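K.L.:
Residue numbers (UniProt numbering): 11 to 415.
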Ligand code: HEM
Ligand SMILES: CC1(C)[C@@H]2CC[C@@]1(C)C(=O)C2
Ligand SMILES: [K+]
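1. Taking DSSP as the reference, what is the three-state secondary structure of residue 213?
2. Go through its chain and collect everything with a Cβ distance to residue 151's Cβ below 7 Å, but skip five positions before and after it.
3. Smallest Cα separation from residue 113: which of 412, 349, 224?
4. Which runs of the alpha helix (DSSP H) spanning at least 4 residues fall entirely within the region 97-154, listed in chain order?
5. Does the beta-carbon of residue 366 have 16 or more other beta-carbons within 10 angstroms, so that it is buried, or is it exposed?
6. Straight-line CA distance for residue 412 to residue 143?
7. Rounded to whole angstroms, what is the Cα-Cα separation between residue 15 and residue 196?
8. So residue 282 packs on residue 379, CB below 8 Å; how close in whole Å?
9. Sorted by chain position, which residues of the same chain lie with C-beta nearer than 6 Å to residue 313's C-beta, five sequence neighbours on each side aside?
10. Since residue 327 and residue 291 should fall inside the 8 Å C-beta cutoff, what is the C-beta to C-beta distance between them, to a whole number of angstroms?
11. Alpha carbons only, please: which of 49, 47, 66 is nearest the one belonging to residue 56?
12. Compare the beta carbon distance of residue 393 and residue 212 with 8 Å and say whether it is the shorter of the two.
13. Does residue 118 pass the burial test, meaning 16 or more other C-beta atoms within 10 Å, or should it be called exposed?
14. Going by the DSSP bridge assignment, what does residue 393 pair with across the sheet?
15. Going by CA-CA distance only, name the one from 70, 37, 50 that's closest to residue 353.
16. Short of 7 Å in beta carbon distance, which residues of its chain neighbour residue 95, apart from the five on each side in sequence? Order them along the chain.
17. Could you tell me the distance, in whole angstroms, from the CA atom of residue 355 to the CA atom of residue 116?
18. When you compare only the Cα positions, how much space is there between residue 237 and residue 156?
19. Around ligand 3, what residues have a beta-carbon under 7 Å from a heavy atom of it, in chain order?
20. When you measure from the CB of residue 248 to every non-hydrogen atom of ligand 2, does any distance come out below 7 Å?
21. When you compare only the Cα positions, how much space is there between residue 295 and residue 216?
22. Using the C-alpha atoms, what's the distance from residue 108 back to residue 226?
23. Rounded C-beta distance between residue 58 and residue 26? I'm assuming under 8 Å.
24. Inspect the CB distances between the region 326-344 and the region 238-256 and report whether three or more fall short of 8 Å.
25. So, using beta-carbon positions, are residue 132 and residue 161 closer together than 8 Å?
26. Would you give the residue range spanned by the beta strand (DSSP E) that residue 57 belongs to?
27. Ligand 1 and residue 243: does any heavy atom of the ligand fall closer than 7 Å to the residue's C-beta?
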């Protein structure tokens, strides 16, 4: 369904891409988005889908817009417009300058020092899940590892019970890839309904878990409000339950289909962190954006105050103007250019946690289960939205080829 083209938008820039159901999805989601980078497509296009909005299709523009918070505000960062208007997570819904005091606080809960401290438990969980899978010779990777490994770590960090995962995972998914049963506003309202009593309890009686730290925290030296703490804890929940979970499935799908790549990593384990970075480029998965604060001419195009612009973080590293042969995975790639974790003042705060989870997964899996493949006949389906993912990933292996550590 197509919104009527606004008078200010030139007809020759129309390209009706649907970020929640892209045409070429059956080829793979990164592939489907990469159609925006085919020869005759301009650097900045307008789609009439999802209410109508701009899309920057090249890393140069994506980077520029993410740096210019004066013209490109994060106040309304999701498409469609009702989702972006409801969106109020902190720090993402704020621009500098007042954004920055809240980042600092979020860094006490997910920053490098905290990840270094979680390192042992992250390792232990990865090993326990993989060892229990190893003799079975099969798994449903999405449900049996990609979801439990990073989600159980987040719930440990937040001091939330694991049996709450199904509900919270359902809500987080309606915000990024809605099935249509809930609007963004309704899912948000439900996540905040979950958090409100836990935030009150933990202000009254502080523990050492992430929610306690945020809810009793200070920002530029003044106490955080209950409403602020809720808006920050909601975003940490979303990052914990719907980023790495999806990324692991893209990576393992790739490794299942590419023995020569696993072989490289089995033979040279020291290459694993570099391989992590190249898979973060090739299987980049996030796309949000910004709202115009004023009329503004950008790259020869007249943008109007209030227009939304999708700035897909996924696309910068896929752009052949940033990386030659961008669809090829090369663990030896000399200059891995990407914006997978965003760009500008909102650069991902969870990226150190995410890289630790990914590198630990690769090392631990490859040590125990070096040889695996996709279940025969399985037609692996991706799904697209603010964060893209893999619907199911059935894997099989011969337990005879595995290795107990
Ligand atoms: C592969 C995994 C991850 C990817 C690709 C990813 C990607 C991103 C991107 C693109 C942004 C910027 C969004 C924008 O500019 O509007 C962002 C921000 C952020 N991320 Fe991540 N993320 C991942 C993991 C995580 C994790 C595991 C957490 C926390 C548990 C997290 C917490 C956050 C927070 C709090 C922000 C907001 C920073 C701010 O607005 O200043 N992320 N991430
Ligand atoms: C776009 C994101 C990946 C980033 C962290 C969670 C997420 C869905 C956001 O709302 C900000
Ligand atoms: K908003």
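From the three backbone atoms N, C-alpha and C, an ideal C-beta is built for every residue, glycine too.
P.N.:
A quick look at the data gives this:
1. Along the chain shown, read from residue 1 onward, the residue named residue 213 stands at position 203. The answer is helix: DSSP assigns residue 213 an H, G or I state.
2. Counting from one through the chain shown, the residue named residue 151 turns up at place 141. Once the five neighbours on either side are set aside, the close Cβ partners of residue 151 are 259, 262, 403, 405.
3. Here residue 113 refers to the residue found at position 103 of the chain shown. Considering only alpha carbons, the answer is 224.
4. For the region 97-154, whole alpha helix (DSSP H) runs of length 4 or above, ordered along the chain, are 110-120, 122-143.
5. The sequence position of residue 366 within the chain shown is 356, counting from 1. Buried: at least 16 other Cβ atoms inside 10 Å.
6. Working through the chain shown from its first residue, we reach residue 412 at position 402. Working through the chain shown from its first residue, we reach residue 143 at position 133. Going by the C-alpha atoms only, they are around 10 Å apart.
7. Residue mapping note: residue 15 aligns to position 5 of the chain shown, counting from 1. Residue mapping note: residue 196 aligns to position 186 of the chain shown, counting from 1. The alpha-carbon atoms of residue 15 and residue 196 are separated by roughly 29 Å.
8. Numbered from 1 along the chain shown, position 272 holds the residue referred to as residue 282. Numbered from 1 along the chain shown, position 369 holds the residue referred to as residue 379. The beta carbons of residue 282 and residue 379 sit about 15 Å from each other, so the pair does not count as a contact at 8 Å.
9. Residue 313 sits at position 303 when you count from the first residue of the chain shown. Closer than 6 Å at Cβ, skipping near neighbours: 302, 306.
10. On the chain shown, residue 327 is found 317 positions in, with the first residue counted as 1. On the chain shown, residue 291 is found 281 positions in, with the first residue counted as 1. Rounded, the Cβ-Cβ distance is 4 Å, consistent with contact.
11. By one-based count along the chain shown, residue 56 stands at place 46. For the residues 49, 47, 66, the minimum Cα distance to residue 56 belongs to 66.
12. Reading the chain shown from its first residue, position 383 is the one you call residue 393. Reading the chain shown from its first residue, position 202 is the one you call residue 212. Judged by their CB atoms, residue 393 and residue 212 are not nearer to each other than the 8 Å cut-off.
13. Reading the chain shown from its first residue, position 108 is the one you call residue 118. Per the 10 Å Cβ criterion, exposed.
14. As a first step, residue 393 must be located in the chain shown, where it is residue number 383. Note: residue 393 sits in a beta bridge opposite 399.
15. The residue given as residue 353 occupies position 343 in the chain shown. Ranked by Cα distance from residue 353, the options 70, 37, 50 are led by 70.
16. Position 85 of the chain shown, counted from the start, is the residue given in the question as residue 95. Here the set comprises 86.
17. Numbered from its first residue, the chain shown carries residue 355 at position 345. Numbered from its first residue, the chain shown carries residue 116 at position 106. Going from the Cα of residue 355 to the Cα of residue 116 covers about 14 Å.
18. The residue labelled residue 237 in the question sits at position 227 within the chain shown. The residue labelled residue 156 in the question sits at position 146 within the chain shown. Spanning the two alpha carbons is a distance of roughly 31 Å.
19. With 7 Å as the limit, the residues whose C-beta approaches any heavy atom of ligand 3 more closely are 85, 86, 94, 95, 96, 97, 98, 103, in sequence along the chain.
20. Residue mapping note: residue 248 aligns to position 238 of the chain shown, counting from 1. Because some heavy atom of ligand 2 lies under 7 Å away, the Cβ of residue 248 counts as near it: yes.
21. Here residue 295 is taken as the residue at index 285 of the chain shown, counted from 1. Here residue 216 is taken as the residue at index 206 of the chain shown, counted from 1. If I take the Cα positions, the gap works out to 36 Å.
22. Position 216 of the chain shown holds residue 226. Position 98 of the chain shown holds residue 108. Residue 226 and residue 108: Cα-Cα distance of roughly 19 Å.
23. By one-based count along the chain shown, residue 58 stands at place 48. By one-based count along the chain shown, residue 26 stands at place 16. Cβ-Cβ separation between residue 58 and residue 26: approximately 5 Å, consistent with a contact (criterion under 8 Å).
24. No, the region 326-344 does not touch the region 238-256.
25. For the purposes of this step, residue 132 is taken as the residue at position 122 of the chain shown. For the purposes of this step, residue 161 is taken as the residue at position 151 of the chain shown. In terms of Cβ geometry, residue 132 and residue 161 do not form a close pair [threshold 8 Å].
26. Residue numbering aside, residue 57 sits at position 47 when the chain shown is read from its first letter. Segment 54-57, the beta strand (DSSP E) holding residue 57.
27. Position 233 of the chain shown holds residue 243. False, no ligand heavy atom lies under 7 Å from that Cβ.
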